[PDB]
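Asks: Residue numbers (the authors' numbering), protein chains in the order written: chain D, 71 to 140; chain c, 24 to 268, 277 to 310; chain E, 99 to 146; chain F, 75 to 101, 120 to 147. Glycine residues also receive a C-beta, built at the ideal position from the N, C-alpha and C atoms.
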Amino acid sequence: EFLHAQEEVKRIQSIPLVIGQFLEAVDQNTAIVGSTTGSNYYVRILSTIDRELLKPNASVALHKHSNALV
Amino acid sequence: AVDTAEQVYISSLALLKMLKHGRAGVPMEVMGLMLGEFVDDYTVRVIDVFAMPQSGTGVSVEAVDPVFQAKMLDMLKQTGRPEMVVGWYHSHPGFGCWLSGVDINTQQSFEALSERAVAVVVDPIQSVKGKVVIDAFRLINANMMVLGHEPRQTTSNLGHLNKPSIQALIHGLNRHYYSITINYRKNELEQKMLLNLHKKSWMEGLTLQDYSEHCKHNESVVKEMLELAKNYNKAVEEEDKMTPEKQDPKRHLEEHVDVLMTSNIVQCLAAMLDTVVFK
Amino acid sequence: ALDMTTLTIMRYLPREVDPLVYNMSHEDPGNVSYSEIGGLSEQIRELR
Amino acid sequence: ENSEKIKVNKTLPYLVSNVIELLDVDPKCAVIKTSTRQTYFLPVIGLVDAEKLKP
Ligand SMILES: [Zn+2]
């Protein structure tokens, strides 16, 4: 089951994502991102992302529909 | 004689027809009828689905061509499909499953044509990546809601075990239409038939990847190992027993050694088997 | 060009756009021989 | 039958748009800039002849 869950977690970060700019984070599991669409969104971040890669000018890919930053 | 939590059954072939037709007509909404059986008060089994042509009127009762559906049913009956129209579906690309006002009017028309026919909404671009987004609707008669009654007689824990998606109720869920639980009546035969699409063929099972690419992947993963080992020394040096803050070396090194090990064993073992077998 | 559904690339194209440049290229000046200009032999020769 | 279906297909919003380069086909291609400030590529032009268009 855990392997299946990780397979899905890989699946959620597949190709069609949209690019955005990572503003300052909020909590362990959420952050603020500025989308290339122009608007900004309050977005929960996937745990698998290494937080140390996250910087207030980092280029970050958002979920196409849910805007979830993975 | 209001119906309870209930259940709706769609065959696997019906679901594949649904998704194929939904994805084909994107970004325009497409709509077709469902062919099935009403069985009893507690279940609705749609068994097969046929699409119907697009029209400039958009998805509406004006879109359903009575001659087309009539000739279609007359033809299917001669081939093994005598079931009546138990409902209709329409695609909603770009937004979640819910009925708009025109959708409500169409469902009212079908309800007039029936007693408990259902409406199905599929989002063909959100239903992707293995996640499927299908919802089944039926209008709540205003009279019943006008006189302060619950939508259905809740009898068993069935029903409420599912939760309404927040997106729908803004559009009117539990106000004018209620969501009936979706279920898939696949048998073992269709399942084993469907499994052939990803099923491993024997030569493909004995395929030996690529030694050069395997070595290159090994080198990359080993580079990750070296970096993670440096960070592991860094993390073991912070053992001064401070406040409790997996990241950096530990988890990455663990999964990396797992994947490198399993790849190496599978490759070497398969090579040994081929050496033994073919000659 | 990309699919409006899956956004996957399906064809590279001739470089860029802007039919403005197309008009500014296909402008038709008409047949004007250098002889149709007079008294500018030094400049005409210079330009070539 | 075909003409009737096409005619009923001809809805009448039309979202007017400017035409861009008619790139040659390669295995009847037009690039469009919409009035809604979007660019689109058409594998086939549609119900109008190719040479009737001028970028
Ligand atoms: Zn609709």
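Pull up the CB-CB distance for residue 9 of chain c and E:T103, whole angstroms please, since I reckon it's below 8 Å.
Replies: Only positions 24 to 310 of chain c appear in this structure, which leaves residue 9 of chain c out of reach.
Asks: Could you check whether the Cβ of c:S123 sits closer than 7 Å to any heavy atom belonging to ligand 1?
Replies: Position 100 of the second sequence, counted from the first residue, corresponds to residue 123 of chain c. Yes.
Asks: Between the stretch 147 to 178 of chain c and chain E, which residues of the former have CB atoms less than 7 Å from a CB of the latter, in chain order?
Replies: Going along the stretch 147 to 178 of chain c in chain order, one finds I148 with a Cβ nearer than 7 Å to chain E.
Asks: Taking the straight line between their C-alpha atoms, what separation do you get for c:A140 and c:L231?
Replies: As a working note, residue 140 of chain c is residue 117 in the second sequence. As a working note, residue 231 of chain c is residue 208 in the second sequence. So the two alpha carbons sit approximately 54 Å from each other.
Asks: At 9 Å on the CB atoms, spell out the chain D contacts of E:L145, in chain order.
Replies: Residue numbering aside, residue 145 of chain E sits at position 47 when the third sequence is read from its first letter. Correct list: empty, because the minimum Cβ distance to chain D is about 48 Å.
Asks: Could you check whether the Cβ of c:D279 sits closer than 7 Å to any heavy atom belonging to ligand 1?
Replies: Along the second sequence, read from residue 1 onward, the residue named residue 279 of chain c stands at position 248. No, since every heavy atom of ligand 1 falls outside the 7 Å radius drawn around the Cβ of c:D279.
Asks: Name the DSSP bridge partner or partners of D:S129?
Replies: Residue numbering aside, residue 129 of chain D sits at position 59 when the first sequence is read from its first letter. DSSP output for D:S129 lists D:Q91 as bridge partner(s).
Asks: Excluding the 5 residues preceding and the 5 following c:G45 in the sequence, name in chain order all residues of the same chain whose CB lies nearer than 7 Å to its CB.
Replies: Against the second sequence, residue 45 of chain c aligns to sequence position 22. Answer for c:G45: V53, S114, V145 and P147, listed in chain order.
Asks: For the stretch 120 to 138 of chain D, enumerate the residues whose C-beta is nearer than 8 Å to any C-beta of chain c, in chain order.
Replies: Flagged, chain order: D120, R121, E122 and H135.
Asks: Is the closest heavy atom of ligand 1 to the C-beta of c:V82 under 7 Å?
Replies: Taking the second sequence and counting its residues from 1, the one referred to as residue 82 of chain c is at position 59. Yes, Cβ of c:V82 sits closer than 7 Å to a heavy atom of ligand 1.
Asks: Return the chain-ordered ranges of every beta strand (DSSP E) run that is complete within the stretch 159 to 233 of chain c and spans a minimum of 3 residues.
Replies: Runs of the beta strand (DSSP E) inside the stretch 159 to 233 of chain c: 200 to 203 and 205 to 207.
Asks: I'd like to check one pair, c:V155 with c:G110: are the Cβ atoms closer than 8 Å?
Replies: In the second sequence, the residue the question calls residue 110 of chain c occupies position 87. In the second sequence, the residue the question calls residue 155 of chain c occupies position 132. Their beta carbons are not under 8 Å apart, which means c:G110 does not touch c:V155 by this criterion.
Asks: At a threshold of 7 Å, does c:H199 count as lining ligand 1 (C-beta to nearest heavy atom)?
Replies: Against the second sequence, residue 199 of chain c aligns to sequence position 176. Result no, Cβ not under 7 Å from ligand 1.
Asks: Out of c:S294, c:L36 and c:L196, which one is the CA nearest neighbour of c:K239?
Replies: Your numbering for residue 239 of chain c matches position 216 in the second sequence. Checked all of c:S294, c:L36 and c:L196; the closest Cα to c:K239 is c:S294.
Asks: In chain order, what residues of the same chain lie with their CB nearer than 8 Å to the CB of c:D305, ignoring the 5 residues before and after it?
Replies: On the second sequence, position 274 is the one that residue 305 of chain c refers to. Cβ neighbours of c:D305 beyond the five flanking positions: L229 and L231.
Asks: c:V143 and c:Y112 look like a contact to me (Cβ under 8 Å); what is the Cβ gap, rounded to whole Å?
Replies: Taking the second sequence and counting its residues from 1, one reaches residue 143 of chain c at position 120. Taking the second sequence and counting its residues from 1, one reaches residue 112 of chain c at position 89. The pair is a contact, with the Cβ atoms about 4 Å apart (cut-off 8 Å).
Asks: Could you tell me whether the stretch 128 to 138 of chain c touches the stretch 89 to 96 of chain c, using the rule of 3 or more Cβ pairs below 8 Å?
Replies: No contact exists between the stretch 128 to 138 of chain c and the stretch 89 to 96 of chain c.
Asks: Give a yes or no on whether 8 Å exceeds the smallest Cβ distance from E:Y120 to chain F.
Replies: Translated into the one-based positions of the third sequence, residue 120 of chain E becomes position 22. For E:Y120, the answer is yes, since a Cβ of chain F falls inside 8 Å of its Cβ.
Asks: Any heavy atom of ligand 1 closer than 7 Å to the Cβ of c:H115?
Replies: Within the second sequence, residue 115 of chain c is the residue found at index 92, counting from 1. Answer for c:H115: yes, Cβ within range of ligand 1.
Asks: Among D:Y112, D:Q76, D:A75 and D:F72, which has the Cα closest to the Cα of D:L139?
Replies: In the first sequence, the residue the question calls residue 139 of chain D occupies position 69. The shortest Cα separation from D:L139 among D:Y112, D:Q76, D:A75 and D:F72 belongs to D:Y112.
Asks: Can you say whether c:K40 is buried or exposed, counting buried as having 16 or more other CB atoms within 10 angstroms of its CB?
Replies: Position 17 of the second sequence, counting from 1, holds the residue named residue 40 of chain c. Label assigned to c:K40: buried.
Asks: Which of the residues in the stretch 74 to 86 of chain c, read from start to end, lie with their CB under 9 Å from any CB of chain F?
Replies: Answer in chain order: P76, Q77, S78, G79, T80 and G81.
Asks: Going by the C-beta, is c:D146 closer than 7 Å to any heavy atom of ligand 1?
Replies: Within the second sequence, numbered from 1, the residue matching residue 146 of chain c stands at position 123. Every heavy atom of ligand 1 is 7 Å or more from the Cβ of c:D146, so no.
Asks: So what does DSSP say about D:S84, is it helix, strand or coil?
Replies: Your numbering for residue 84 of chain D matches position 14 in the first sequence. Coil at D:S84, not helix or strand.
Asks: Looking at chain F, is there any beta carbon in it that lies within less than 8 Å of the beta carbon of E:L105?
Replies: Position 7 of the third sequence, counted from the start, is the residue given in the question as residue 105 of chain E. Judged by the 8 Å Cβ criterion, E:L105 is not in contact with chain F.
Asks: When you compare the CB of F:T85 with every CB in chain c, is at least one pair closer than 8 Å?
Replies: The residue given as residue 85 of chain F occupies position 11 in the fourth sequence. So, interface residue.
Asks: Does DSSP classify F:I94 as helix, strand or coil?
Replies: Locating residue 94 of chain F in the fourth sequence gives position 20, counting from the first residue. Coil, per DSSP.
Asks: So is D:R81 in contact with chain c if we call contact Cβ pairs under 8 Å?
Replies: Counted from its first residue, the first sequence places residue 81 of chain D at position 11. With 8 Å as the cut-off, D:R81 counts as an interface residue toward chain c.
Asks: Which residues in chain c have a C-beta closer than 9 Å to the C-beta of residue 119 of chain F? List them in chain order.
Replies: In the model as presented, chain F runs from 101 straight to 120, which leaves residue 119 of chain F without coordinates.
Asks: Quick check on c:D63: does DSSP put it in helix, strand or coil?
Replies: Numbered from 1 along the second sequence, position 40 holds the residue referred to as residue 63 of chain c. c:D63: strand per DSSP, three-state reduction.
Asks: Starting from F:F133 and walking both ways along the beta strand (DSSP E), at which residues does that stretch end?
Replies: If you number the fourth sequence from 1, residue 133 of chain F lands on position 41. Note, F:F133: beta strand (DSSP E), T131 to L134.
Asks: With distances taken between CB atoms, is the gap from c:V67 to c:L58 smaller than 8 Å?
Replies: Along the second sequence, one-based indexing puts residue 67 of chain c at 44. Along the second sequence, one-based indexing puts residue 58 of chain c at 35. No, the pair does not count as a contact, with Cβ atoms beyond the cut-off.
Asks: So does the stretch 122 to 142 of chain F actually touch the stretch 128 to 146 of chain E, counting three or more Cβ pairs closer than 8 Å?
Replies: Output reads no: the stretch 128 to 146 of chain E does not touch the stretch 122 to 142 of chain F.
Asks: Could you tell me which of c:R208, c:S132 and c:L300 sits nearest to c:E85, measuring between CA atoms?
Replies: For the purposes of this step, residue 85 of chain c is taken as the residue at position 62 of the second sequence. Closest by alpha carbon: c:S132.
Asks: Looking at ligand 1, does it come within less than 7 Å of F:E75, judged from the CB to the closest heavy atom?
Replies: For the purposes of this step, residue 75 of chain F is identified with residue 1 of the fourth sequence, where counting begins at 1. Flag unset: Cβ of F:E75 not near ligand 1.
Asks: Taking only three categories from DSSP, how would you classify c:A258?
Replies: As a working note, residue 258 of chain c is residue 235 in the second sequence. Helix at c:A258.
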